[PDB]
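Report on the structure given below.
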2 protein chains.
Amino acid sequence: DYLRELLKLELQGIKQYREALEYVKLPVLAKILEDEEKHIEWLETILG
Amino acid sequence: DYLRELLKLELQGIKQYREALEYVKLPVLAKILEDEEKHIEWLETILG
Ligand SMILES: [Mn+2]
Ligand SMILES: [Mn+2]
Ligand SMILES: [Mn+2]
Ligand SMILES: [Mn+2]
């Protein structure tokens with residue numbers, strides 16, 4: 001469940017990054033988003 | 001302010017990753033943590 005909580009936070013996090021990127025085209029935000037996508041993939045993997 | 005809100009989420013998230021690493025020494029969690037610290041420094045930088 002602790003991993004599920006980290007995942008849930010990561011999922012909430014990306015929605016916020018994506019909303020900013022709807023309005024401002026800042027590459028640093030797309031860069032962070034890219035890492036968050038990987039964070040999410042690793043958590044899903046270790047959760048099975 | 002939207003950047004301050006992303007920074008807040010990142011700071012709340014880093015605390016959850018740090019607590020799990022107190023207990024389970026999973027390199028994948030430390031890999032995420034190292035990225036999050038960079039996310040935070042990037043937000044601090046662009047906020048000035
Ligand atoms: Mn909003
Ligand atoms: Mn993350
Ligand atoms: Mn706890
Ligand atoms: Mn992050």
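Order determines the names: the first chain of the structure tokens is A, the second B, and so forth; residues in each chain are numbered 1 upward, and ligands are numbered 1 upward as they are shown.
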Need to verify the contact set: range 25-38 of chain B, 7 Å, only C-alpha atoms, exclusion of same-chain residues closer than 5 positions in sequence. Can you return it as a list in words?
residues 39 of chain A; 10, 14 and 17 of chain B
Test item: residues no farther than 12 Å from ligand 1, counting only C-alpha atoms and all ligand atoms, as a ChimeraX atom specification:
/A:12-13,15-23 /B:1-3,5-6
May I ask for the distance between CA of residue 40 in chain B and atom 1 (Mn, counted along the ligand's line) of ligand 3, given in Å to one decimal place?
21.5 Å
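The coordinates place CA of residue 11 in chain A at 27.0 Å from CA of residue 48 in chain B.
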